[PDB]
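A structural walkthrough
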Amino acid sequence: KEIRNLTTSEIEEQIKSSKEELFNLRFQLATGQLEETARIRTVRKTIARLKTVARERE
RNA sequence: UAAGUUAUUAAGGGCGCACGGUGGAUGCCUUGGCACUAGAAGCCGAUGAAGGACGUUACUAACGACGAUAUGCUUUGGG
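The record names cryo-EM as the way this model was obtained, at a resolution of 3.1 Å.

This is the structure we're talking about:
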């Protein structure tokens with residue numbers, strides 16, 4: 001999605017979005033503390049884009 | 001006082017009509033079928049098939065779509 005960043009920044013980004021944001025929101029939506037639930041489907045799709053462009057670079 | 005004749009009763013039933021219930025025929029309709037015509041096409045698979053199991057949404061029991069990038073992603077045209 002026009003991320004156009006250094007591939008190591010792509011790996012830092014997949015590793016940040018991959019657990020931290022998404023895993024935290026998955027715990028919050030279970031223990032009854034997350035509203036703005038639509039964050040989740042945002043982060044998921046972000047973790048797809050960072051992966052696809054890295055695969056395009058190969 | 002005597003002789004004689006005759007009738008109302010309807011527990012329930014019969015017929016005729018009036019009004020309800022049941023059940024889903026018929027009329028009209030069609031989301032789908034049937035039989036064919038002209039033109040594509042007549043194979044897929046070890047780069048892992050046809051077919052399926054399990055999963056994916058903020059909930060999800062099921063059906064479609066999809067596959068740990070999961071109720072979908074990028075990019076080039078239409079709108």
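The structure having been displayed, the exposition proceeds.
1. Overview of the nonpolar core
By size, the foremost hydrophobic cluster in this structure holds 6 residues: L22, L25, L34, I40, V43 and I47. For this core, the secondary structure elements donating two or more residues are α1 (7–31) and α2 (39–57). Here this core gets 3 residues from one element, more than from any other, and that element is α2. Those residues in contact with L34, other than ones at most four positions away along the chain, are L25, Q28, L29 and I40.

2. Considerations on the pattern of salt bridges
In total, this model carries 5 salt bridges according to the counting rule given. The partner of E2 in a salt bridge is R4, with the nearest N and O atoms 3.1 Å apart. On the accessibility criterion, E2 (61% relative accessible area) is exposed. Among the charged side chains, a network of salt bridges with common partners joins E13, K16 and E21.

3. Focus: the protein's contact with RNA strand B
Every residue close to RNA strand B is listed here: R4, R26, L29, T37, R41, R44, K45, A48, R49, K51, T52 and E56. Put simply, 81% of the atoms of RNA strand B that lie within 4 Å of the protein are in sugar or phosphate. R44 is positioned with one of its side-chain polar atoms (N or O) 2.2 Å from a phosphate oxygen of RNA strand B. In this structure, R49 approaches RNA strand B through a side-chain N or O atom, which is 2.6 Å from a phosphate oxygen. Going through the elements one at a time, α1 and α2 are the ones with two or more residues in the surface near RNA strand B. Considering each element in turn, the surface near RNA strand B owes the most residues, 8 residues, to α2. Looking at the surface near RNA strand B residue by residue, the class counts come to 2 nonpolar, 2 polar and 8 charged.

Basis of the calculations
Residues numbered from 1 in each chain as written, not as in the entry; some residues may be left out. Chains lettered and ligands numbered in written order. Part of a larger assembly, values for the part shown. Heavy atoms only, no water. Core = buried A, V, L, I, M, F, W, Y, C linked by side-chain atoms within 4.5 Å. Buried < 20%, exposed > 50% of the residue type's maximum accessible area, 1.4 Å probe, protein only. Helix = DSSP H or I, 4+ residues; strand = E, 2+ residues; numbered from the N terminus. Contact = heavy atoms within 4.5 Å. Salt bridge = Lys/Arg side-chain N within 4 Å of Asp/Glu carboxyl O. Near = heavy atom within 4 Å. Polar contact = N/O pair within 3.5 Å; in protein donor to acceptor, adjacent residues only side chain to side chain. Nonpolar A, V, L, I, M, F, W, Y, C, P; charged D, E, K, R; others polar.

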